[PDB]
């Protein structure tokens, strides 16, 4: 992929190095230790063409004063975020599965994976050995947490600063391509979590190169707001997703915190990103998902034939959040919006998409959301676990530890047989109980600021003892336990998950393509009990769930029984049970 920023081959034997640095009068290129002056070619841009440069050659930029910095648009770092960048050959990796052309979004079952903790080794190469396992299980889309190089050698990925460079701790560019290529061969699409709303705190020299890269007033909760209205900035931001998709042959992207991407440009940066992706990549579906707290739908339209010209689906945190209150009784902070009749919110989310479609949010005191019933069910990504819902907790508790195994089983089945697109957090499939903690790898003042900034999020829970994010044990405690995965109890969870996914592809997925609207109805709710129906062209799907300690009577649920757990009862649902039916 060809980019405005960075180091690219412009001929078989010539690399063009390009940097925008409005805060600088001059910039030098330090190439394999030797300094050459770059040409200032208007509007703060500096450029230099160098003949003969081989792939793997190290380089840095040197500022007017003598400060040595990584390429902010580095394609790869030699070691850490502050060290040399290196010239990458886009063609060094030989793609084997070039006939892959993806799969329809309707069959998506997403599996969110953190590269560093997914395996003991914590690398892309080690993760390849687990791909057959995931494919066998019935996962169809791997979502890789952000790989943009960040400070230190451990982190979730949201402190990324070199937005074009996969973290050297995970592997080289070719290691990541090998993982993607292998995934394709195993029948898995791969999407990447991408952060375009802020830069992390270590290794970001853009403020020193070009203060205008960031706004003077605007600040997100995690760093300065980005000046998307400035042409050079817009090039850096928009070309990043295009680069990842083209150069890494990815199947989509998940955009972090889009509600924190403020742009007053006539054409919003996110709209332009989506439009360019749909015009530039046409040989395969590209599944663009977004994380937005606003419960809008304007970025997820469908045309009459069901195509998504902008974004494909939206993270529907209302589902998780209603489930969490419903199943655990916790009502603090953002969960308080679901404290009143969580069953009603849950049923509404299942049936219609959003629980909040314009009603006042208790937590904000403002209207939240818009009508969502006209969206197809596949425009929502639902989940009972993800990196945030687990990791934003002081002790990183997984749902199974809060709701218990029996309740978690019926919630997992609910998720997997529902018409919304399901996302699983790595480890759920075998009943993992290890926490997923917030971990980092910083030093000095930054380490202290991050550690105390984290503790302060839980200061009102006085009694808490938040694990130091910088401590290696915080990271080690979060590693998936593959022993458990191989255990008998783990094999029971795996068998449960596997059957659910088979049932999903056999019975649910075929209903989804023709569904142009929610088509969902709440039949009944009561404390601990929901019953919902979806009327699709291909059949009427019904679901009822009871997590109360006593049996409940059911409405009529037409059709044959797709799944009943633990048992099926006629006209009733026992404690801690679920039933799913389909009438055709």
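Positions refer to the first chain, counted from 1.
**Student:** Where do the C-alpha atoms have the higher mean temperature factor in this entry, in 446 to 454 or in 254 to 262?
**Tutor:** According to the PDB entry, the answer is 446 to 454.
**Student:** Would 57 to 65 or 526 to 534 have the larger average of its C-alpha temperature factors, as given in the entry?
**Tutor:** Result: 57 to 65.
**Student:** Quick one: which of 414, 197, 115, 484 has the biggest Cα B-factor according to the entry?
**Tutor:** If I rank 414, 197, 115, 484 by C-alpha B-factor, first place goes to 484.
**Student:** Based on what the PDB entry reports, which of 477, 506, 96, 249 has the top C-alpha B-factor?
**Tutor:** Reading the PDB entry, the winner on C-alpha B-factor is 506.
**Student:** Can you tell me whether residue 72 has a C-alpha B-factor in the lowest, middle or highest third compared with the other modelled residues of the same chain?
**Tutor:** Tercile = lowest for this residue's CA B-factor.
**Student:** Where does residue 349 sit by CA temperature factor within its chain: lowest, middle or highest third?
**Tutor:** Bottom third by C-alpha B-factor.
**Student:** Among all modelled residues of this chain, ranked by Cα B factor, put residue 282 in the bottom, middle or top third, i.e. lowest, middle or highest.
**Tutor:** Highest third - that is where residue 282 ends up once the chain's C-alpha B-factors are sorted.
**Student:** Taking only the Cα B-factors deposited for this chain, tell me whether residue 305 sits in the lowest, middle or highest third.
**Tutor:** Residue 305: CA B-factor falls in the highest third of its chain.
**Student:** Could you tell me which third, lowest, middle or highest, the C-alpha B-factor of residue 121 occupies within its chain?
**Tutor:** CA B-factor rank for residue 121: middle third.
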